[PDB]
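Here's the structure, in C-alpha cells; my notes come after.
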Amino acid sequence: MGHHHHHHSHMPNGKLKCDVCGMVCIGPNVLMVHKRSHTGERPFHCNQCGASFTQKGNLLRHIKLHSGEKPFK
Ligand SMILES: [Zn+2]
Numbered sequence: 001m002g003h004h005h006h007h008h009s010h011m012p013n014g015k016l017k018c019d020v021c022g023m024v025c026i027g028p029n030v031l032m033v034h035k036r037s038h039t040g041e042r043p044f045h046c047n048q049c050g051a052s053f054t055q056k057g058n059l060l061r062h063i064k065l066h067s068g069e070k071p072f073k
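Count the sequence shown with PDB author numbering and you get residues 1 to 73, in order.
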C-alpha cells in the first residue's frame, strides 16, 4: 500500500499589443494659390504655346521669337 499525489498546475495568460500608429496629414493646393499671388491681374498666357506668364515684357518678346527670325542669344 503506497502513496502518490498529483497537483502541478500551470496555465498561460497575457495578450499582445497591435495599437495602430500611422496617421497622415493632408495639405490644400498651395501650388495654384502661390501662382495666383504671383499673377498680376491678367494671366499673360502665350496663345501659341499654352504657356503661362505674369510678365508682359517676357510675353511680348516671346511671341516675337516664335517666328524663325531673331538671333538665339
Ligand atoms: Zn508661345
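Every residue gets a Cβ at the ideal spot worked out from N, C-alpha and C, and that includes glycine.
Residues bridged to residue i (per DSSP)
{"i": "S52", "result": "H45"}
Buried or exposed (CB count within 10 angstroms, at least 16 for buried), residue i
{"i": "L60", "result": "exposed"}
Rounded Cβ spacing between residue i and residue j (contact assumed at less than 8 angstroms)
{"i": "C46", "j": "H62", "result": "6 angstroms"}
{"i": "residue 78", "j": "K56", "result": "With the chain covering only 1 through 73, there is no way to say anything about residue 78."}
{"i": "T54", "j": "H38", "result": "6 angstroms"}
Residue i: CB within 7 angstroms of a non-hydrogen atom of ligand 1
{"i": "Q48", "result": "yes"}
{"i": "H34", "result": "no"}
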